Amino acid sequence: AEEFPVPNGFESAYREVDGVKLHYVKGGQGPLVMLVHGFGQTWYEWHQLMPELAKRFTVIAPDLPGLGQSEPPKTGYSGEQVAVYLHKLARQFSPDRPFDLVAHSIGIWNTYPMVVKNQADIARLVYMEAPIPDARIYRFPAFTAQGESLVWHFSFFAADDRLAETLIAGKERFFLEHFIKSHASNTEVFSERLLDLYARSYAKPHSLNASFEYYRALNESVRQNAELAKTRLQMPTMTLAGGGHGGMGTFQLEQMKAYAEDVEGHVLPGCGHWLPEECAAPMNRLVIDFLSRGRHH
């Protein structure tokens, strides 16, 4: 039984990668674009972009290990470990061509190491709405003059004693609604039905734990990236960020400038963190146009 409805012309399928059964949704023809979701979500956050992209590209949207319908990783949750699974999954479908990569939220954390270590495999890169794990994340404030801050959940989720799972179990829908809307400008896009679907998915006990294990590995990912960042990214890159309440604003592009030689950025006014849902039409257009400057169907 699918956790989320599959768009017409797409298939929901599974591939074993290093002994981990990964779920993905795939459609289209042409060069490969892999879309990687982030926290609180699944492949389904891309369901509006996928049919438009599928007119020119083969599109694959995996569930991150442990989330959606993907099995947990058997190595670990650090960015370098998870990126192996995503890199090998992409290469099963694009072994002879470089592929495009689009990532949101912790999808960035889980793809950056394989981008930097396999640059010849990455044709074009789109990153939206999350820091690459590095020391900049230690500058975000715990509290603001307007109330709760943007990433205090970094501490909540990384805490031991299974603090987050223990407090959120039995309240998964409640917490996810608060978390989404606290990081949104446009909350009306999150219907009760949509919130129900996302809540049911990450409330699976192994998915609730998987969600926070990404954050419990965050400092390890920072330490990994300190070495990897000695090599700058050379492929064409675009960053997107929300300019409204909940968004990263100018931080996204300014951080990427330290990582990539060839980068352009957009801040979307009136949009928060959840760009594919809050601001689907402009986000879709910017991604499609940026990727279509390359060779496509």
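Note that residue numbering begins at 1 and tracks the sequence as displayed.
Asks: Averaged over C-alpha atoms, is the B-factor higher for 142-150 or for 175-183 in this PDB entry?
Replies: Looking at the recorded C-alpha B-factors, 142-150 comes out higher on average.
Asks: Using the B-factors recorded in the PDB entry, average over the C-alpha atoms of 238-246 and of 49-57, then report which stretch comes out higher.
Replies: Mean B over CA atoms: larger for 49-57.
Asks: According to the deposited entry, which of 71, 121, 213, 134 has the largest Cα B-factor?
Replies: Spelled out: the listed residue with the top C-alpha B-factor is 121.
Asks: Based on what the PDB entry reports, which of 162, 223, 206, 97 has the top C-alpha B-factor?
Replies: In the PDB entry, the greatest C-alpha B-factor among 162, 223, 206, 97 is found at 97.
Asks: Lowest, middle or highest third of the chain for the C-alpha temperature factor of residue 105?
Replies: Lowest third - that is where residue 105 ends up once the chain's C-alpha B-factors are sorted.
Asks: Considering every modelled residue of the chain and its Cα B-factor in the PDB entry, is residue 37 in the lowest, middle or highest third?
Replies: For residue 37, whose C-alpha B-factor we compare with every modelled residue in the chain, the answer is the lowest third.
Asks: For residue 189, does the deposited CA B-factor place it in the lowest, middle or highest third of the chain?
Replies: Highest third - that is where residue 189 ends up once the chain's C-alpha B-factors are sorted.
Asks: Select lowest, middle or highest to describe the third in which the CA B-factor of residue 113 falls within its chain in this entry.
Replies: Its C-alpha B-factor, which the entry lists for residue 113, ranks in the middle third among residues of this chain.
Asks: Can you tell me whether residue 198 has a C-alpha B-factor in the lowest, middle or highest third compared with the other modelled residues of the same chain?
Replies: Lowest third, going by the recorded CA B-factors of the chain.
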